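So the structure is just underneath, and the comments pick up after that.
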Amino acid sequence: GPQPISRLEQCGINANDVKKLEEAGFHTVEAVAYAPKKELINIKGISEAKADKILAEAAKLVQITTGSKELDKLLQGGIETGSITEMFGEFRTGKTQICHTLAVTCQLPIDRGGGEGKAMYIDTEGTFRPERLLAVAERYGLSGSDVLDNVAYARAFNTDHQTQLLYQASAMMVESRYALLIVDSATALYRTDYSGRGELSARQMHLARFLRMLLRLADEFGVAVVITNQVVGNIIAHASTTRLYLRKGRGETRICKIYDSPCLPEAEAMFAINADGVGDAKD
Amino acid sequence: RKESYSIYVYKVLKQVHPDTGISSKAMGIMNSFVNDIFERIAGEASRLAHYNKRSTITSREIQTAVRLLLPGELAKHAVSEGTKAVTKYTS
Amino acid sequence: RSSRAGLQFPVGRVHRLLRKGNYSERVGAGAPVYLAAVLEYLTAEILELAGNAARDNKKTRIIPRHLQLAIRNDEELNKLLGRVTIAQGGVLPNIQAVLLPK
DNA sequence: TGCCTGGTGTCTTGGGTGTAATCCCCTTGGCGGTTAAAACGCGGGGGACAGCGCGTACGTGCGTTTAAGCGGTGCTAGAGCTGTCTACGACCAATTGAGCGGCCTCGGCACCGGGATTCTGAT
DNA sequence: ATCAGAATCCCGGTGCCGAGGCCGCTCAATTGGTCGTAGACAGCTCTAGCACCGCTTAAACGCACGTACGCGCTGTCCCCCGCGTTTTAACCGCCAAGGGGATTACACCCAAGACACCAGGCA
């Protein structure tokens with residue numbers, strides 16, 4: 001966690017210099033410490049000697065239910081909060097529907113398979129429907145209005161906007177308790193933006209940074225991170241903890257397969273897409 | 001192809017000693033010499049430009065590099081020749 | 001890229017320094033990774049030995065003296081830094097045998 | 001006058017990196033002589049090395065003095081940063097002449113030989 | 001001082017092969033124009049380098065004295081030099097061959113697309 005910069009004054013930095021460091025926007029001893037001298041020196045009323053004293057003394061101090069029961073059993077009860085679970089599958093498999101369902105189930109009591117936290121829906125595809133959220137909320141008997149109140153929503157127009165929303169997510173997730181972060185068509189902007197072959201490393205780098213920010217937020221807030229992937233990157237293998245393959249069974253009933261878990265078996269479960277919900281298959 | 005300073009060394013030789021020749025081995029040593037001093041001066045000039053956050057190597061960097069690398073009278077005469085050459089060239 | 005390479009030293013920064021140091025017109029993707037890894041390793045070897053010296057001296061903080069002891073007491077580091085001066089390092093204790101009393 | 005029921009078929013590049021086939025001449029390999037250099041033996045002399053004496057220069061200690069160090073204060077020169085803009089260097093296409101590879105020849109140098117001079121060591 | 005002998009230097013002759021020059025060619029430097037940008041200059045800030053005063057005290061300094069070490073001298077013996085004799089292998093020249101350095105010819109991956117084709121008479 002953080003090591004608030006207050007602790008730096010006990011090292012014998014005078015408090016005025018700490019206030020100037022806070023003015024710069026450095027608020028922890030960790031924050032000042034792993035930065036060079038010039039950042040603290042550039043602050044008004046701070047010399048190089050005080051900065052050397054600061055750096056030297058600073059180094060001294062520094063399960064959400066899927067709502068398909070059969071799928072929950074496949075997952076041993078639902079998504080583990082604090083980790084990334086990847087569901088890769090074809091279009092029309094219900095990925096957007098699953099996102100809408102989870103956006104509400106996260107708000108469920110933990111004893112009901114929720115995280116008792118607010119939800120975060122980052123859309124890149126325009127498919128965000130508050131009315132679908134209302135349907136899922138009424139399914140689980142949650143207030144649809146409260147679902148929208150526990151879902152902060154923003155549509156990312158590009159990869160840069162996609163990463164920029166993470167900055168708002170990190171500061172906003174501190175102020176309110178969240179349990180779910182949704183990124184729908186998470187890989188589409190990496191395909192439309194990064195379309196070249198020479199750009200493979202570029203999309204991989206942007207994705208890597210995006211994933212690292214995701215991991216930091218997951219470890220920071222203990223929330224579930226849900227991203228959706230269409231498989232028509234090898235970087236995701238190390239990053240996803242649980243890989244789910246989704247394929248259509250005709251009508252509204254979908255087949256789920258586990259394609260990676262270091263602990264969980266490779267296995268499959270059948271579920272359906274119902275007006276209210278993403279919910280177990282009911283032949 | 002494969003470059004050397006041989007013809008220029010020979011022209012200079014003809015300037016200072018009109019009736020004197022030079023062996024193949026000796027010419028090889030002169031070529032080694034010119035390349036060596038080129039590398040020393042160019043390298044120092046490169047560092048001079050870098051230290052001062054300049055992207056251009058100018059005659060001033062060459063001159064300073066010469067002052068750093070050459071001893072005493074060699075340095076003074078070399079500086080004189082470079083300056084003279086640049087002045088003759090400019091007009 | 002540092003995380004991708006499993007490193008602590010900054011690959012991006014090393015890449016930038018390679019680009020702006022006028023070493024070559026082009027720089028491969030693996031070059032700054034390799035360089036960063038080497039710099040990190042050597043840093044680790046010197047810090048390992050210097051830490052050892054610091055503890056031998058019952059000190060918890062590494063000072064230049066410990067760096068000098070670490071470097072000069074290690075044949076290969078001593079070789080690598082043969083023409084290098086460590087400020088405030090001092091020298092290894094060493095008295096020629098002929099100078100000692102009989 | 002008023003009636004149904006029948007399956008089975010193909011064939012299609014693009015971009016940007018690693019491999020063997022090609023090939024030729026020098027690097028590697030051997031033979032043969034011949035001669036200069038290396039190997040070996042030996043005598044001896046001179047140089048390394050150990051021992052000894054001495055005298056003087058340097059280490060040690062002490063009283064004096066000198067200035068380095070530290071701490072505060074003052075100010076101004078100049079390092080450092082920012083803004084602007086223009087000169088200057090990258091870049092690019094057409095031209096061409098300087099520079100390089102190849103060929104040829106003659107003169108500087110090298111090899112040989114023989115006399116002169118130098119130099120060394122024994123007398 | 002002298003003198004003989006061994007080594008080197010010098011002087012001249014002959015040869016030979018590499019340096020110097022010439023010529024074809026080709027590609028790299030030059031010229032002319034354009035454009036972005038970098039660095040030259042102005043100006044402002046504010047850091048730190050220089051200057052100073054005063055007090056303290058630890059370091060420098062001058063000197064006395066004793067003695068350990070540098071240095072000169074002497075003897076010894078051993079081991080390196082220098083020279084004669086034998087051996088050997090480096091060196092010169094010539095030939096064979098092959099191997100690797102430089103040049104030309106050859107897969108693996110993701111990409112999805114694309115519809116056609118009517119026939120057959122009885123009681």
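Residues are named by chain letter and number: chains run A, B, ... in the order of the structure tokens, numbers start at 1 in each chain, and ligands are numbered from 1 in the order shown.
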Counting only C-alpha atoms (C1' of nucleotides), chain B residues within 9 Å of chain D, as a ChimeraX atom specification: /B:1-3,7,56
Per residue of chain E within 10 Å of chain B, which atom pair is closest and at what distance in Å (one decimal), using only C-alpha atoms (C1' of nucleotides), listed by chain and increasing number, as a tab-separated table?
```
residue	atom	partner	partner_atom	distance
E:18	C1'	B:24	CA	8.3
E:19	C1'	B:23	CA	7.1
E:20	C1'	B:21	CA	8.6
E:27	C1'	B:1	CA	9.9
E:38	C1'	B:55	CA	7.7
E:39	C1'	B:54	CA	7.8
```
Would you give me, as a list in words, the residues of chain C that come within 10 Å of chain B, using only C-alpha atoms?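 Matching residues, ligands excluded from the count: residues 20, 21 and 22 of chain C.
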Find the residues near residue 251 in chain A: any atom within 12 Å, counting only C-alpha atoms (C1' of nucleotides), skip ones fewer than 6 places away on the same chain, and give them as a list in words.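 My list of contacting residues is residues 92, 93, 94, 271, 272, 273, 274, 281, 282 and 283 of chain A.
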Which is closer to chain A than all the others in D:15, D:69, D:2, D:41, using only C-alpha atoms (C1' of nucleotides)?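 Closest to chain A, using only C-alpha atoms (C1' of nucleotides): D:15.
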Within 9 Å of chain A, which residues of chain C show up when using only C-alpha atoms, listed as number ranges by chain? C: 1, 3-4
What would the file look like if the residues just selected were written as a PDB file, in the first residue's frame with C-alpha atoms?
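Final output, saved to result.pdb:
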```pdb
ATOM      1  CA  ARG C   1       9.037  -3.717 -21.385  1.00  0.00           C
ATOM      2  CA  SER C   3       8.141  -6.217 -16.704  1.00  0.00           C
ATOM      3  CA  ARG C   4       7.922  -8.168 -19.971  1.00  0.00           C
TER       4      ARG C   4
END
```
Report the distance between CA of residue 248 in chain A and CA of residue 97 in chain A in Å, rounded to one decimal place.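 Separating CA of residue 248 in chain A from CA of residue 97 in chain A is a distance of 13.3 Å.
Residues in contact with range 9-12 of chain D at up to 12 Å, not including ones fewer than 6 positions away on its chain and judged by only C-alpha atoms (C1' of nucleotides), are residues 111, 112, 113, 114, 115, 116 and 117 of chain E.
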For the selection just defined, write its residues with N, CA, C and O atoms (P, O5', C5', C4', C3', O3' and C1' of nucleotides) to a file, as a compact mmCIF listing (two decimals), in the first residue's frame.
```txt
# COMPACT_ATOMS: atom_id res chain seq x y z
P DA E 111 -6.59 -14.19 -38.76
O5' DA E 111 -6.90 -14.13 -40.35
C5' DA E 111 -6.48 -12.96 -41.10
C4' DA E 111 -6.71 -13.19 -42.57
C3' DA E 111 -8.09 -13.73 -42.93
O3' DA E 111 -9.02 -12.66 -43.10
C1' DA E 111 -6.36 -14.83 -44.19
P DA E 112 -10.18 -12.31 -42.03
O5' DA E 112 -11.44 -12.97 -42.77
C5' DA E 112 -11.68 -14.38 -42.67
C4' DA E 112 -12.15 -14.90 -44.01
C3' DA E 112 -13.63 -15.24 -44.06
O3' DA E 112 -14.23 -14.16 -44.74
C1' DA E 112 -12.25 -16.68 -45.40
P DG E 113 -15.74 -14.17 -45.29
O5' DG E 113 -15.49 -14.68 -46.78
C5' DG E 113 -14.63 -13.94 -47.61
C4' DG E 113 -14.33 -14.70 -48.89
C3' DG E 113 -15.58 -14.89 -49.74
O3' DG E 113 -15.30 -14.36 -51.02
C1' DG E 113 -14.34 -16.87 -49.48
P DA E 114 -16.45 -13.81 -52.00
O5' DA E 114 -16.79 -15.11 -52.90
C5' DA E 114 -18.17 -15.54 -53.02
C4' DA E 114 -18.20 -17.02 -53.32
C3' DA E 114 -19.59 -17.65 -53.26
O3' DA E 114 -20.18 -17.68 -54.56
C1' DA E 114 -17.86 -19.07 -52.34
P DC E 115 -21.53 -16.90 -54.94
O5' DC E 115 -22.70 -17.31 -53.89
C5' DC E 115 -23.09 -18.64 -53.56
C4' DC E 115 -23.30 -19.61 -54.73
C3' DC E 115 -24.69 -19.58 -55.37
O3' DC E 115 -24.52 -19.43 -56.77
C1' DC E 115 -24.02 -21.79 -54.75
P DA E 116 -25.71 -19.50 -57.84
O5' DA E 116 -25.55 -20.99 -58.38
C5' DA E 116 -24.33 -21.37 -58.98
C4' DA E 116 -24.27 -22.87 -59.21
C3' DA E 116 -25.29 -23.40 -60.21
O3' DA E 116 -24.55 -24.17 -61.13
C1' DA E 116 -25.21 -24.68 -58.29
P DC E 117 -25.01 -24.24 -62.66
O5' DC E 117 -26.03 -25.47 -62.70
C5' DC E 117 -27.41 -25.24 -62.62
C4' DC E 117 -28.12 -26.56 -62.37
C3' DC E 117 -29.61 -26.31 -62.18
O3' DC E 117 -30.17 -26.07 -63.46
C1' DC E 117 -28.71 -28.04 -60.78
```
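Our summary of the geometry notes that CA of residue 20 in chain A is positioned 20.8 Å from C1' of residue 81 in chain D.
Shell of residue 17 in chain C at 12 Å, with only C-alpha atoms (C1' of nucleotides) counted and residues fewer than 5 places along the chain excluded, is residues 50 of chain B; 10, 11, 12, 22, 23, 24, 27, 31, 32, 35 and 36 of chain C.
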Show me, as a list in words, every residue of chain E with an atom at most 12 Å from chain A, counting only C-alpha atoms (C1' of nucleotides).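 Written out as asked, the residues are residues 46, 47, 48, 109, 110, 111 and 112 of chain E.
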Write the residues you've just listed into a file as a CSV table (one decimal), in the first residue's frame, and include N, CA, C and O atoms (P, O5', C5', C4', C3', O3' and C1' of nucleotides) for each of them.
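Full text of again.csv as output:
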```csv
chain,number,residue,atom,x,y,z
E,46,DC,P,13.1,32.5,-8.7
E,46,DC,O5',14.0,31.3,-8.2
E,46,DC,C5',15.0,30.8,-9.1
E,46,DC,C4',16.4,30.7,-8.4
E,46,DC,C3',16.3,31.1,-6.9
E,46,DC,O3',17.3,30.5,-6.2
E,46,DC,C1',17.8,32.5,-8.0
E,47,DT,P,17.0,29.1,-5.5
E,47,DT,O5',18.3,28.1,-5.9
E,47,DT,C5',18.8,28.2,-7.2
E,47,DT,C4',20.3,27.8,-7.3
E,47,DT,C3',20.9,27.3,-6.0
E,47,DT,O3',22.0,26.5,-6.4
E,47,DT,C1',21.9,29.3,-6.6
E,48,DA,P,22.7,25.4,-5.4
E,48,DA,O5',24.3,25.6,-5.7
E,48,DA,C5',24.7,26.3,-6.8
E,48,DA,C4',25.9,27.3,-6.6
E,48,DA,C3',26.7,26.9,-5.3
E,48,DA,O3',28.1,27.3,-5.5
E,48,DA,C1',25.9,29.1,-5.1
E,109,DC,P,2.9,-23.3,-39.9
E,109,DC,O5',2.3,-21.8,-39.7
E,109,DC,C5',2.7,-21.0,-38.5
E,109,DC,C4',2.2,-19.6,-38.8
E,109,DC,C3',0.7,-19.5,-39.0
E,109,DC,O3',0.0,-19.1,-37.9
E,109,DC,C1',1.9,-18.2,-40.6
E,110,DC,P,-1.6,-19.2,-37.9
E,110,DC,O5',-2.2,-17.8,-38.6
E,110,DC,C5',-2.0,-16.5,-38.0
E,110,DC,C4',-2.8,-15.4,-38.8
E,110,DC,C3',-4.4,-15.7,-38.7
E,110,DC,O3',-5.0,-14.4,-38.7
E,110,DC,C1',-3.6,-15.9,-40.9
E,111,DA,P,-6.6,-14.2,-38.8
E,111,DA,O5',-6.9,-14.1,-40.3
E,111,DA,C5',-6.5,-13.0,-41.1
E,111,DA,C4',-6.7,-13.2,-42.6
E,111,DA,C3',-8.1,-13.7,-42.9
E,111,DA,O3',-9.0,-12.7,-43.1
E,111,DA,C1',-6.4,-14.8,-44.2
E,112,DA,P,-10.2,-12.3,-42.0
E,112,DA,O5',-11.4,-13.0,-42.8
E,112,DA,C5',-11.7,-14.4,-42.7
E,112,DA,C4',-12.2,-14.9,-44.0
E,112,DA,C3',-13.6,-15.2,-44.1
E,112,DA,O3',-14.2,-14.2,-44.7
E,112,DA,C1',-12.2,-16.7,-45.4
```
Please find the residues of chain A near chain D - the criterion being any atom within 12 Å, counting only C-alpha atoms (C1' of nucleotides) - and write them as a ChimeraX atom specification. /A:42,196-198
Go ahead and dump the residues you just picked, C-alpha atoms, as a CSV table (one decimal), in the first residue's frame.
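Okay, this is what ended up in again.csv:
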```
chain,number,residue,atom,x,y,z
A,42,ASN,CA,11.5,21.9,-8.9
A,196,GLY,CA,-0.3,-3.6,-38.9
A,197,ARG,CA,2.1,-6.5,-38.6
A,198,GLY,CA,4.9,-4.2,-37.5
```
Measure the distance from CA of residue 233 in chain A to CA of residue 88 in chain A in Å and round it to one decimal.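 Computing it gives 11.3 Å between the two atoms.
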Taking the backbone alone, and naming residues the way the document does, which bits of range 10-197 of chain A are strand (DSSP E or B) by DSSP, as a PyMOL selection string? chain A and resi 28+64+79+84-89+118-123+151-155+178-184
Dump N, CA, C and O atoms for the selected residues as a compact mmCIF listing (two decimals), in the first residue's frame?
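What follows is the written file selection05.txt:
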```
# COMPACT_ATOMS: atom_id res chain seq x y z
N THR A 28 3.17 10.25 -0.63
CA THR A 28 3.66 9.14 0.16
C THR A 28 5.18 9.17 0.11
O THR A 28 5.78 9.74 -0.80
N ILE A 64 -17.76 -13.34 -6.69
CA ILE A 64 -18.96 -12.88 -7.37
C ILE A 64 -19.59 -13.97 -8.23
O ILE A 64 -18.95 -14.53 -9.12
N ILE A 79 -16.80 -15.86 -9.89
CA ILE A 79 -15.54 -15.17 -10.06
C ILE A 79 -14.90 -14.88 -8.71
O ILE A 79 -15.57 -14.39 -7.79
N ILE A 84 -8.22 -11.32 -12.65
CA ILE A 84 -8.77 -11.21 -14.00
C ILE A 84 -9.22 -12.58 -14.49
O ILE A 84 -8.45 -13.55 -14.45
N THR A 85 -10.46 -12.65 -14.95
CA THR A 85 -11.04 -13.85 -15.55
C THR A 85 -11.39 -13.53 -16.99
O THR A 85 -12.19 -12.63 -17.24
N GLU A 86 -10.80 -14.25 -17.95
CA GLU A 86 -11.06 -13.96 -19.34
C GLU A 86 -12.06 -14.95 -19.91
O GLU A 86 -11.90 -16.16 -19.75
N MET A 87 -13.08 -14.42 -20.59
CA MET A 87 -14.05 -15.22 -21.33
C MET A 87 -13.92 -14.81 -22.79
O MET A 87 -14.31 -13.71 -23.19
N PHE A 88 -13.31 -15.69 -23.57
CA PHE A 88 -13.14 -15.52 -25.00
C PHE A 88 -14.14 -16.40 -25.73
O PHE A 88 -14.30 -17.58 -25.42
N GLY A 89 -14.85 -15.80 -26.67
CA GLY A 89 -15.84 -16.54 -27.43
C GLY A 89 -16.31 -15.73 -28.61
O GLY A 89 -15.99 -14.54 -28.76
N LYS A 118 -19.78 -1.70 -5.92
CA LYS A 118 -20.29 -1.09 -7.14
C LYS A 118 -19.61 -1.73 -8.34
O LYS A 118 -18.60 -2.43 -8.23
N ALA A 119 -20.18 -1.49 -9.51
CA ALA A 119 -19.71 -2.07 -10.76
C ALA A 119 -19.16 -1.00 -11.69
O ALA A 119 -19.49 0.18 -11.58
N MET A 120 -18.24 -1.43 -12.54
CA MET A 120 -17.62 -0.55 -13.53
C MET A 120 -17.72 -1.16 -14.91
O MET A 120 -17.20 -2.25 -15.15
N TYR A 121 -18.40 -0.45 -15.80
CA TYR A 121 -18.61 -0.90 -17.17
C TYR A 121 -17.88 0.08 -18.07
O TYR A 121 -18.26 1.25 -18.16
N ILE A 122 -16.84 -0.41 -18.71
CA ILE A 122 -16.09 0.34 -19.71
C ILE A 122 -16.48 -0.26 -21.06
O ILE A 122 -16.16 -1.41 -21.35
N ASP A 123 -17.18 0.52 -21.87
CA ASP A 123 -17.69 0.03 -23.13
C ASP A 123 -16.86 0.58 -24.29
O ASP A 123 -16.40 1.71 -24.25
N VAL A 151 -22.85 1.59 -11.12
CA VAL A 151 -22.12 1.37 -12.36
C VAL A 151 -21.72 2.73 -12.90
O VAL A 151 -22.58 3.54 -13.24
N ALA A 152 -20.42 2.97 -12.98
CA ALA A 152 -19.94 4.20 -13.57
C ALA A 152 -19.59 3.77 -14.98
O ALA A 152 -18.89 2.77 -15.18
N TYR A 153 -20.06 4.52 -15.95
CA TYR A 153 -19.95 4.07 -17.32
C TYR A 153 -19.27 5.11 -18.19
O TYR A 153 -19.47 6.31 -18.01
N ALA A 154 -18.46 4.61 -19.12
CA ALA A 154 -17.76 5.45 -20.07
C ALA A 154 -17.37 4.59 -21.26
O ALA A 154 -16.99 3.42 -21.10
N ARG A 155 -17.54 5.13 -22.46
CA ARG A 155 -17.24 4.39 -23.67
C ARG A 155 -15.86 4.81 -24.15
O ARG A 155 -15.63 6.00 -24.40
N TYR A 178 -16.12 -0.69 -4.99
CA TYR A 178 -16.50 -1.44 -6.17
C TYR A 178 -16.12 -2.90 -6.05
O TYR A 178 -15.34 -3.30 -5.19
N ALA A 179 -16.78 -3.69 -6.88
CA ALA A 179 -16.61 -5.13 -6.91
C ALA A 179 -16.40 -5.65 -8.32
O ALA A 179 -15.95 -6.78 -8.48
N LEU A 180 -16.69 -4.84 -9.34
CA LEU A 180 -16.64 -5.31 -10.71
C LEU A 180 -16.21 -4.23 -11.68
O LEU A 180 -16.69 -3.09 -11.62
N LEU A 181 -15.29 -4.60 -12.56
CA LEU A 181 -14.82 -3.76 -13.65
C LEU A 181 -15.08 -4.53 -14.94
O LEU A 181 -14.63 -5.67 -15.07
N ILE A 182 -15.85 -3.95 -15.85
CA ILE A 182 -16.23 -4.61 -17.09
C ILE A 182 -15.62 -3.88 -18.28
O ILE A 182 -15.77 -2.66 -18.41
N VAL A 183 -14.94 -4.64 -19.14
CA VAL A 183 -14.38 -4.11 -20.37
C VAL A 183 -14.88 -5.00 -21.51
O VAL A 183 -14.42 -6.14 -21.68
N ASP A 184 -15.81 -4.47 -22.29
CA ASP A 184 -16.56 -5.23 -23.28
C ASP A 184 -16.02 -4.91 -24.66
O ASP A 184 -15.89 -3.73 -25.01
```
Using DSSP assignments from the backbone, pull out every residue in range 114-213 of chain A that falls under alpha helix (DSSP H) and give it to me as a PyMOL selection string. chain A and resi 130-139+144-149+159-175+188-192+200-213
Prev. selection, C-alpha atoms, output as a CSV table (one decimal), in the first residue's frame:
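selection05.csv, written as the output of this step:
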```csv
chain,number,residue,atom,x,y,z
A,130,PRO,CA,-29.1,0.3,-18.8
A,131,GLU,CA,-32.5,-1.4,-19.6
A,132,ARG,CA,-30.7,-4.8,-19.7
A,133,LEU,CA,-29.2,-3.9,-16.4
A,134,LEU,CA,-32.7,-3.2,-15.1
A,135,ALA,CA,-33.8,-6.6,-16.3
A,136,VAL,CA,-30.9,-8.3,-14.6
A,137,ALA,CA,-31.5,-6.3,-11.4
A,138,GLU,CA,-35.2,-7.3,-11.3
A,139,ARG,CA,-34.1,-10.9,-12.0
A,144,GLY,CA,-32.2,-1.3,-11.4
A,145,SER,CA,-31.7,2.3,-10.6
A,146,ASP,CA,-29.2,1.4,-7.9
A,147,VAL,CA,-27.5,-0.8,-10.4
A,148,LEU,CA,-27.0,2.2,-12.7
A,149,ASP,CA,-25.9,4.1,-9.6
A,159,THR,CA,-6.8,2.4,-27.0
A,160,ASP,CA,-5.5,5.7,-25.6
A,161,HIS,CA,-8.9,6.5,-24.3
A,162,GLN,CA,-9.2,2.9,-23.1
A,163,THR,CA,-6.1,3.4,-20.9
A,164,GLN,CA,-7.1,6.9,-19.9
A,165,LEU,CA,-10.3,5.6,-18.4
A,166,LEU,CA,-8.2,3.5,-16.1
A,167,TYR,CA,-6.9,6.7,-14.5
A,168,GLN,CA,-10.4,7.8,-13.7
A,169,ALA,CA,-11.1,4.3,-12.5
A,170,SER,CA,-8.2,4.3,-10.0
A,171,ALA,CA,-9.1,7.5,-8.4
A,172,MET,CA,-12.9,6.9,-8.5
A,173,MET,CA,-12.5,3.3,-7.1
A,174,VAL,CA,-10.9,4.8,-4.0
A,175,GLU,CA,-13.9,6.9,-3.1
A,188,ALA,CA,-11.4,-4.5,-30.5
A,189,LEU,CA,-9.5,-1.3,-30.1
A,190,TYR,CA,-6.3,-3.2,-30.3
A,191,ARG,CA,-7.4,-4.6,-33.7
A,192,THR,CA,-8.9,-1.4,-35.2
A,200,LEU,CA,2.1,-6.3,-33.2
A,201,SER,CA,4.6,-5.3,-30.6
A,202,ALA,CA,2.8,-2.0,-30.2
A,203,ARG,CA,-0.6,-3.4,-29.5
A,204,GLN,CA,1.1,-6.0,-27.2
A,205,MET,CA,2.8,-3.1,-25.3
A,206,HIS,CA,-0.4,-1.1,-24.9
A,207,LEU,CA,-2.2,-4.2,-23.8
A,208,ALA,CA,0.6,-5.1,-21.4
A,209,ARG,CA,0.5,-1.7,-19.8
A,210,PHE,CA,-3.3,-1.9,-19.7
A,211,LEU,CA,-3.1,-5.3,-18.0
A,212,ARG,CA,-0.5,-4.1,-15.5
A,213,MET,CA,-2.8,-1.2,-14.5
```
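Proximity to chain C was assessed for E:68, E:57, E:5, E:35 counting only C-alpha atoms (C1' of nucleotides); the smallest distance is recorded for E:68.
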